[PDB]
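*Asks:* Contents are CSV, C-alpha atoms and all ligand atoms; file name protein.csv:
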```
chain,number,residue,atom,x,y,z
A,21,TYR,CA,-12.5,12.7,-8.1
A,22,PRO,CA,-15.7,10.8,-8.4
A,23,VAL,CA,-15.9,8.5,-5.5
A,24,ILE,CA,-17.2,4.9,-5.8
A,25,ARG,CA,-18.4,3.8,-2.3
A,26,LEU,CA,-18.3,0.0,-2.4
A,27,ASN,CA,-19.5,0.0,1.2
A,28,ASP,CA,-19.3,2.1,4.4
A,29,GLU,CA,-15.5,1.5,4.8
A,30,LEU,CA,-14.4,1.4,1.2
A,31,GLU,CA,-13.9,4.0,-1.4
A,32,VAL,CA,-12.4,3.8,-4.9
A,33,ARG,CA,-11.2,6.7,-7.0
A,34,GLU,CA,-10.1,6.3,-10.6
A,35,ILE,CA,-7.4,8.9,-10.6
A,36,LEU,CA,-6.1,8.2,-14.1
A,37,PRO,CA,-7.5,5.9,-16.8
A,38,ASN,CA,-7.5,2.4,-15.3
A,39,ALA,CA,-5.6,3.4,-12.1
A,40,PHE,CA,-7.7,3.2,-8.9
A,41,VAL,CA,-6.8,4.4,-5.5
A,42,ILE,CA,-8.5,2.2,-2.9
A,43,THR,CA,-9.1,3.9,0.4
A,44,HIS,CA,-10.1,1.6,3.3
A,45,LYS,CA,-11.2,3.2,6.5
A,46,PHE,CA,-10.5,0.8,9.3
A,47,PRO,CA,-11.0,3.1,11.1
A,48,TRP,CA,-8.2,5.3,9.7
A,49,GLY,CA,-8.2,5.8,6.0
A,50,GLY,CA,-5.4,3.9,4.3
A,51,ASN,CA,-4.6,3.7,0.6
A,52,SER,CA,-3.7,1.0,-1.9
A,53,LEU,CA,-3.7,1.0,-5.7
A,54,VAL,CA,-5.0,-1.2,-8.5
A,55,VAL,CA,-3.7,-0.6,-12.0
A,56,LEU,CA,-5.3,-2.5,-14.9
A,57,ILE,CA,-2.8,-3.7,-17.5
A,58,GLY,CA,-4.2,-4.9,-20.9
A,59,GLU,CA,-7.4,-6.9,-20.7
A,60,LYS,CA,-6.1,-9.7,-18.5
A,61,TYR,CA,-3.9,-8.3,-15.8
A,62,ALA,CA,-3.9,-6.0,-12.8
A,63,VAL,CA,-1.3,-4.9,-10.3
A,64,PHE,CA,-2.3,-4.3,-6.7
A,65,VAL,CA,0.1,-2.1,-4.6
A,66,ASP,CA,-0.6,-2.6,-0.9
A,67,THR,CA,-3.9,-3.9,0.2
A,68,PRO,CA,-6.8,-2.8,2.4
A,69,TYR,CA,-6.6,-3.5,6.1
A,70,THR,CA,-8.6,-6.7,5.9
A,71,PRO,CA,-9.0,-9.7,3.7
A,72,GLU,CA,-12.7,-9.1,3.4
A,73,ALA,CA,-12.2,-5.6,2.1
A,74,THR,CA,-9.5,-6.8,-0.2
A,75,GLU,CA,-12.0,-9.4,-1.6
A,76,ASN,CA,-14.6,-6.7,-2.1
A,77,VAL,CA,-12.0,-4.8,-4.3
A,78,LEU,CA,-11.0,-7.9,-6.2
A,79,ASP,CA,-14.6,-8.9,-6.9
A,80,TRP,CA,-15.5,-5.3,-8.0
A,81,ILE,CA,-12.6,-5.0,-10.4
A,82,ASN,CA,-13.2,-8.5,-11.9
A,83,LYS,CA,-16.9,-7.8,-12.4
A,84,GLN,CA,-16.4,-4.3,-13.9
A,85,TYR,CA,-13.3,-5.0,-16.0
A,86,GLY,CA,-13.2,-8.7,-16.6
A,87,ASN,CA,-11.5,-11.4,-14.5
A,88,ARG,CA,-7.8,-10.4,-14.0
A,89,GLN,CA,-4.6,-12.2,-13.1
A,90,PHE,CA,-3.6,-10.0,-10.2
A,91,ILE,CA,-0.1,-9.4,-8.8
A,92,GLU,CA,0.3,-7.7,-5.4
A,93,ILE,CA,3.3,-5.7,-4.2
A,94,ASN,CA,3.5,-5.1,-0.4
A,95,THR,CA,5.2,-1.8,0.3
A,96,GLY,CA,5.7,-2.4,4.0
A,97,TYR,CA,4.8,-4.9,6.7
A,98,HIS,CA,2.1,-3.0,8.6
A,99,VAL,CA,-1.6,-3.9,8.6
A,100,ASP,CA,-2.3,-1.0,6.2
A,101,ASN,CA,0.2,-2.3,3.7
A,102,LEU,CA,-0.6,-6.0,3.8
A,103,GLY,CA,-3.6,-6.7,6.1
A,104,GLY,CA,-5.5,-8.1,3.1
A,105,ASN,CA,-2.7,-10.6,2.0
A,106,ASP,CA,-4.7,-13.6,3.0
A,107,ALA,CA,-7.4,-12.8,0.5
A,108,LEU,CA,-4.7,-12.8,-2.2
A,109,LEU,CA,-3.1,-16.1,-0.9
A,110,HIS,CA,-6.4,-18.0,-1.1
A,111,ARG,CA,-6.8,-16.9,-4.7
A,112,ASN,CA,-3.1,-17.9,-5.5
A,113,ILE,CA,-2.3,-14.2,-6.3
A,114,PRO,CA,1.5,-13.7,-6.1
A,115,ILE,CA,2.5,-11.4,-3.3
A,116,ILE,CA,5.8,-9.6,-3.9
A,117,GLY,CA,7.7,-8.1,-1.0
A,118,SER,CA,11.1,-7.7,0.4
A,119,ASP,CA,13.0,-10.0,2.8
A,120,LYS,CA,13.1,-7.1,5.3
A,121,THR,CA,9.3,-7.0,5.2
A,122,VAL,CA,9.3,-10.8,5.9
A,123,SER,CA,11.7,-10.3,8.8
A,124,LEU,CA,9.9,-7.3,10.3
A,125,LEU,CA,6.5,-9.1,10.1
A,126,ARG,CA,8.0,-12.1,11.9
A,127,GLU,CA,9.8,-10.1,14.5
A,128,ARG,CA,7.5,-7.1,15.0
A,129,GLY,CA,4.1,-8.1,13.5
A,130,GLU,CA,2.3,-9.2,16.7
A,131,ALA,CA,3.8,-6.4,18.8
A,132,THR,CA,2.6,-3.9,16.2
A,133,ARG,CA,-0.9,-5.5,16.3
A,134,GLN,CA,-1.0,-4.9,20.1
A,135,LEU,CA,0.1,-1.3,19.6
A,136,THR,CA,-2.7,-0.9,17.0
A,137,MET,CA,-5.3,-2.5,19.3
A,138,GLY,CA,-4.1,-0.2,22.1
A,139,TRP,CA,-5.3,2.8,20.0
A,140,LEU,CA,-8.7,1.2,19.5
A,141,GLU,CA,-9.7,0.6,23.1
A,142,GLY,CA,-11.9,3.7,23.3
A,143,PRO,CA,-15.7,4.1,22.9
A,144,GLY,CA,-16.9,3.7,19.3
A,145,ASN,CA,-13.8,1.7,18.2
A,146,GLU,CA,-15.2,-1.7,19.4
A,147,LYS,CA,-15.7,-3.2,16.0
A,148,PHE,CA,-12.3,-2.1,14.7
A,149,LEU,CA,-10.6,-3.4,17.9
A,150,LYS,CA,-12.3,-6.8,17.5
A,151,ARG,CA,-11.3,-7.3,13.9
A,152,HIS,CA,-7.8,-5.9,14.3
A,153,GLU,CA,-7.3,-8.7,16.9
A,154,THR,CA,-8.2,-11.4,14.4
A,155,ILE,CA,-6.8,-10.2,11.0
A,156,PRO,CA,-4.4,-12.9,9.7
A,157,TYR,CA,-0.9,-11.5,9.2
A,158,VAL,CA,0.4,-13.2,6.1
A,159,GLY,CA,3.7,-12.2,4.5
A,160,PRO,CA,4.8,-12.0,0.8
A,161,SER,CA,5.2,-15.2,-1.2
A,162,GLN,CA,7.7,-13.9,-3.9
A,163,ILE,CA,10.5,-12.3,-2.1
A,164,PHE,CA,13.4,-10.0,-3.2
A,165,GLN,CA,16.4,-8.6,-1.4
A,166,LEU,CA,15.3,-5.2,-0.1
A,167,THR,CA,18.3,-3.1,-1.2
A,168,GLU,CA,18.3,-4.7,-4.6
A,169,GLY,CA,14.8,-3.7,-5.5
A,170,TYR,CA,12.9,-5.5,-8.2
A,171,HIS,CA,12.1,-4.9,-11.8
A,172,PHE,CA,9.6,-7.0,-13.8
A,173,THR,CA,7.1,-6.8,-16.6
A,174,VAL,CA,3.4,-7.5,-16.6
A,175,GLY,CA,1.9,-8.0,-19.9
A,176,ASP,CA,4.8,-6.3,-21.6
A,177,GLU,CA,4.5,-3.3,-19.3
A,178,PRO,CA,7.5,-2.6,-17.0
A,179,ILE,CA,7.1,-2.1,-13.2
A,180,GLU,CA,9.9,-0.9,-10.9
A,181,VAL,CA,10.2,-1.5,-7.1
A,182,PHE,CA,12.7,0.7,-5.4
A,183,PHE,CA,14.0,1.1,-1.9
A,184,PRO,CA,15.2,4.7,-1.3
A,185,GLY,CA,16.5,4.2,2.2
A,186,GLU,CA,14.8,3.8,5.6
A,187,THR,CA,11.8,6.1,6.0
A,188,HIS,CA,8.6,5.4,7.9
A,189,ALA,CA,9.7,1.8,8.4
A,190,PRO,CA,13.0,0.1,7.6
A,191,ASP,CA,11.3,-1.8,4.7
A,192,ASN,CA,9.2,0.9,2.9
A,193,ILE,CA,9.5,0.8,-0.9
A,194,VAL,CA,7.9,2.6,-3.7
A,195,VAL,CA,6.4,1.2,-6.9
A,196,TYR,CA,6.9,3.1,-10.2
A,197,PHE,CA,4.9,2.5,-13.4
A,198,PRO,CA,7.2,4.2,-16.1
A,199,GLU,CA,4.6,3.8,-18.8
A,200,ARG,CA,2.1,5.7,-16.7
A,201,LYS,CA,4.3,8.0,-14.6
A,202,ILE,CA,2.5,6.8,-11.5
A,203,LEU,CA,4.5,6.4,-8.3
A,204,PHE,CA,3.0,4.6,-5.3
A,205,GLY,CA,4.9,6.1,-2.4
A,206,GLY,CA,3.0,4.6,0.4
A,207,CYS,CA,3.7,5.4,4.1
A,208,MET,CA,6.9,7.2,3.4
A,209,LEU,CA,4.9,10.1,1.9
A,210,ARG,CA,2.7,12.4,4.0
A,211,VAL,CA,-0.4,14.4,3.4
A,212,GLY,CA,-0.7,17.3,5.9
A,213,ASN,CA,1.9,18.4,8.4
A,214,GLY,CA,2.6,15.3,10.5
A,215,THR,CA,4.8,12.3,10.3
A,216,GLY,CA,2.3,9.8,11.6
A,217,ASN,CA,3.4,7.0,14.0
A,218,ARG,CA,7.1,6.9,14.4
A,219,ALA,CA,7.6,3.6,16.2
A,220,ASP,CA,9.4,2.2,13.2
A,221,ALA,CA,10.7,5.4,11.7
A,222,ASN,CA,14.3,6.5,10.9
A,223,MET,CA,14.2,10.2,11.4
A,224,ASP,CA,17.9,10.4,10.4
A,225,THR,CA,17.4,9.1,6.8
A,226,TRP,CA,13.7,9.6,6.0
A,227,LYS,CA,14.1,13.1,4.4
A,228,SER,CA,17.1,12.1,2.3
A,229,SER,CA,15.4,8.9,1.2
A,230,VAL,CA,12.3,10.8,0.0
A,231,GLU,CA,14.5,13.4,-1.7
A,232,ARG,CA,15.7,10.6,-4.0
A,233,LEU,CA,12.1,10.2,-5.3
A,234,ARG,CA,12.5,13.6,-7.1
A,235,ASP,CA,14.2,11.7,-10.0
A,236,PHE,CA,11.0,9.8,-10.9
A,237,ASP,CA,9.0,11.4,-13.7
A,238,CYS,CA,5.5,11.5,-12.1
A,239,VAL,CA,2.0,12.6,-13.1
A,240,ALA,CA,0.5,11.1,-10.0
A,241,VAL,CA,1.9,10.1,-6.6
A,242,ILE,CA,0.0,7.9,-4.1
A,243,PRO,CA,0.7,8.4,-0.4
A,244,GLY,CA,-0.2,5.9,2.2
A,245,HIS,CA,-2.9,8.0,3.9
A,246,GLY,CA,-4.9,10.9,2.7
A,247,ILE,CA,-6.7,11.9,-0.5
A,248,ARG,CA,-4.0,13.8,-2.4
A,249,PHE,CA,-2.3,12.4,-5.5
A,250,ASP,CA,-0.5,15.3,-7.2
A,251,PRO,CA,3.3,15.0,-7.5
A,252,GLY,CA,3.6,17.9,-5.0
A,253,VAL,CA,2.9,15.3,-2.3
A,254,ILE,CA,6.6,14.5,-2.6
A,255,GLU,CA,7.6,18.1,-1.8
A,256,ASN,CA,5.0,18.3,1.0
A,257,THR,CA,6.6,15.2,2.6
A,258,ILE,CA,10.1,16.7,2.3
A,259,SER,CA,8.8,19.9,3.8
A,260,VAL,CA,7.5,18.2,7.0
A,261,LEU,CA,10.5,16.0,7.7
A,262,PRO,CA,13.5,17.1,9.8
B,1,ZN,ZN,2.9,2.1,9.0
B,2,ZN,ZN,-5.8,-17.9,5.4
B,3,ZN,ZN,0.6,3.8,7.0
```
For this file, produce the structure as structure tokens.

*Replies:*
Amino acid sequence: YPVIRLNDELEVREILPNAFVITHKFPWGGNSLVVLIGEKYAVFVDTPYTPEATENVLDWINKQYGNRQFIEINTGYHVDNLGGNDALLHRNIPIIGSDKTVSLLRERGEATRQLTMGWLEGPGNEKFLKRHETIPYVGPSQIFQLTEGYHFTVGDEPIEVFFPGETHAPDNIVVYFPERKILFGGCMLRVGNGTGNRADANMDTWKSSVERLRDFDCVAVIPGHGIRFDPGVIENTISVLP
């Protein structure tokens, strides 16, 4: 895909008309998604690691495509899912997420920050270590019951939020755009051969939960990390889980 480099840490790829995968490297690359709906709306699935990077994305979208009423959906509680929530909060952008995400952020958020910082103590990681210490951890503001999921419409277009079972973290959910056959899978989907960090993972249910995603009719599937968006990401994920 053509790559728009907003800055040194931020890349944007228009993978389908009006669907943008945002890759923020901080220092690892993590993905979020902006889908423009009509002329007035936009849905943001996940955020970049930081409020400042999230602001850069919001400003770029607004300037390129007209000011949008944004809605965000957090697909987990980690810094790569919601690290930019404060940028949304200060713009009064609704942040949708599950009650499990709220509980996990409250109970595990600071502990996970320390784990993240512990990986950034080496030479060359100084600027990331510093900012990861100070990123404000802000939870969702419009909360649904995890196992119920959530269905809503934005400008007449339906959006579906589905919990398939515990995967990478007990709260991971996927977001499906039926009118576009786009599935944001997030951190439950893997590019390459590894699982990633397993501190919060349920290795007993992860594969069977991802197998449920086979029922979505997909043209594009967004994983949490990595630049690969074909629906075969789902099978790759299944192939690497036990
Ligand atoms: Zn994670
Ligand atoms: Zn704030
Ligand atoms: Zn992740």

*Asks:* Just want the 9 Å neighbourhood of residue 230 (chain A), counted on all atoms listed in the file, with same-chain residues fewer than 5 positions away dropped. Output as a CSV table (one decimal) with C-alpha atoms, in the coordinates of the input.

*Replies:*
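Result went into part.csv, see below:
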```csv
chain,number,residue,atom,x,y,z
A,184,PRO,CA,15.2,4.7,-1.3
A,185,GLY,CA,16.5,4.2,2.2
A,187,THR,CA,11.8,6.1,6.0
A,208,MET,CA,6.9,7.2,3.4
A,209,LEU,CA,4.9,10.1,1.9
A,225,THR,CA,17.4,9.1,6.8
A,254,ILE,CA,6.6,14.5,-2.6
A,255,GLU,CA,7.6,18.1,-1.8
A,257,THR,CA,6.6,15.2,2.6
A,258,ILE,CA,10.1,16.7,2.3
```

*Asks:* When the cut-off is 9 Å and you count all atoms listed in the file, which residues lie near ligand ZN 3 (chain B), shown as a PyMOL selection string?

*Replies:* chain A and resi 50-51+96+98-101+188+206-208+216-217+243-245

*Asks:* Neighbouring residues of residue 190 (chain A) were defined as those with any atom within 10 Å, considering all atoms listed in the file; residues of the same chain fewer than 6 positions away were excluded. Please report them as a list in words.

*Replies:*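 The residues satisfying every condition are residues 96, 97, 120, 121, 124, 166, 183, 220, 221, 222 and 226 of chain A.
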
*Asks:* Write the selection just made, keeping C-alpha atoms, as a short mmCIF file (atom, residue, chain, number, x, y, z; two decimals), keeping the file's coordinate frame?

*Replies:*
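Final output, saved to again_15.cif:
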```
data_model
loop_
_atom_site.label_atom_id
_atom_site.label_comp_id
_atom_site.auth_asym_id
_atom_site.auth_seq_id
_atom_site.Cartn_x
_atom_site.Cartn_y
_atom_site.Cartn_z
CA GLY A 96 5.70 -2.40 4.00
CA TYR A 97 4.80 -4.90 6.70
CA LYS A 120 13.10 -7.10 5.30
CA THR A 121 9.30 -7.00 5.20
CA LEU A 124 9.90 -7.30 10.30
CA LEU A 166 15.30 -5.20 -0.10
CA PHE A 183 14.00 1.10 -1.90
CA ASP A 220 9.40 2.20 13.20
CA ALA A 221 10.70 5.40 11.70
CA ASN A 222 14.30 6.50 10.90
CA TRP A 226 13.70 9.60 6.00
#
```

*Asks:* Excluding residue 126 (chain A) and its own-chain neighbours fewer than 6 positions away, which residues fall within 12 Å of it when counting only C-alpha atoms? Please give them as a ChimeraX atom specification.

*Replies:* /A:97-98,119-120,132-133,157-160

*Asks:* Counting all atoms listed in the file, what is within 8 Å of residue 239 (chain A), bar same-chain residues fewer than 6 positions away, as a PyMOL selection string?

*Replies:* chain A and resi 200-202+250-251

*Asks:* What would the file look like if the residues just selected were written as a short mmCIF file (atom, residue, chain, number, x, y, z; two decimals), keeping the file's coordinate frame with C-alpha atoms?

*Replies:*
```
data_model
loop_
_atom_site.label_atom_id
_atom_site.label_comp_id
_atom_site.auth_asym_id
_atom_site.auth_seq_id
_atom_site.Cartn_x
_atom_site.Cartn_y
_atom_site.Cartn_z
CA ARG A 200 2.10 5.70 -16.70
CA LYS A 201 4.30 8.00 -14.60
CA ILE A 202 2.50 6.80 -11.50
CA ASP A 250 -0.50 15.30 -7.20
CA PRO A 251 3.30 15.00 -7.50
#
```

*Asks:* Considering only C-alpha atoms, return as a PyMOL selection string whatever protein or nucleic-acid residues lie within 9 Å of residue 153 (chain A), sequence-local ones (same chain, fewer than 4 positions apart) excluded.

*Replies:* chain A and resi 133-134+137+148-149

*Asks:* Taking all atoms listed in the file into account, which residues are within 10 Å of ligand ZN 2 (chain B), as a list in words?

*Replies:*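 Written in the requested form, the residues are residues 71, 105, 106, 107, 108, 109, 110, 155, 156, 157 and 158 of chain A.
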
*Asks:* Restricting the calculation to all atoms listed in the file: of A:172, A:75, A:151, A:215, which residue gets closest to ligand ZN 1 (chain B)?

*Replies:* A:215

*Asks:* Measuring between only C-alpha atoms and all ligand atoms, which one of A:59, A:224, A:34, A:66 shows the shortest distance to ligand ZN 1 (chain B)?

*Replies:*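 Going through A:59, A:224, A:34, A:66 one by one, the smallest distance to ligand ZN 1 (chain B) is for A:66.
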
*Asks:* Have a look at A:178, A:47, A:103, A:86 and name the one nearest to residue 147 (chain A); count all atoms listed in the file.

*Replies:*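 Residue with the minimum atom-to-atom distance to residue 147 (chain A): A:47.
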
*Asks:* Hey, can you check how far CA of residue 218 (chain A) sits from CA of residue 165 (chain A)?

*Replies:*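 For CA of residue 218 (chain A) relative to CA of residue 165 (chain A), the distance reads 24.0 Å.
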
*Asks:* Which is closer to ligand ZN 1 (chain B) than all the others in A:191, A:199, A:180, A:231, using all atoms listed in the file?

*Replies:*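 Nearest to ligand ZN 1 (chain B): A:191.
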
*Asks:* Find the residue from A:68, A:114, A:138, A:262 that sits nearest to residue 46 (chain A); use all atoms listed in the file when measuring.

*Replies:*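 Checking each of A:68, A:114, A:138, A:262 against residue 46 (chain A), counting all atoms listed in the file, the winner is A:68.
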
*Asks:* Just how far from CA of residue 198 (chain A) is CA of residue 237 (chain A), in Å to one decimal?

*Replies:*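 That distance, rounded to one decimal, is 7.8 Å.
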
*Asks:* When you count all atoms listed in the file, which of these residues is closest to ligand ZN 1 (chain B): A:140, A:125, A:238, A:53?

*Replies:* A:125

*Asks:* CA of residue 70 (chain A) and CA of residue 123 (chain A) are how many Å apart?

*Replies:*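 These atoms are spaced 20.8 Å apart.
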
*Asks:* So which residues are close to (-6.1, -0.2, -4.1), meaning at most 8 Å away in the file's coordinates with only C-alpha atoms counted, and can you show them as a VMD selection string?

*Replies:* chain A and resid 32 40 to 43 51 to 54 64 to 68 77
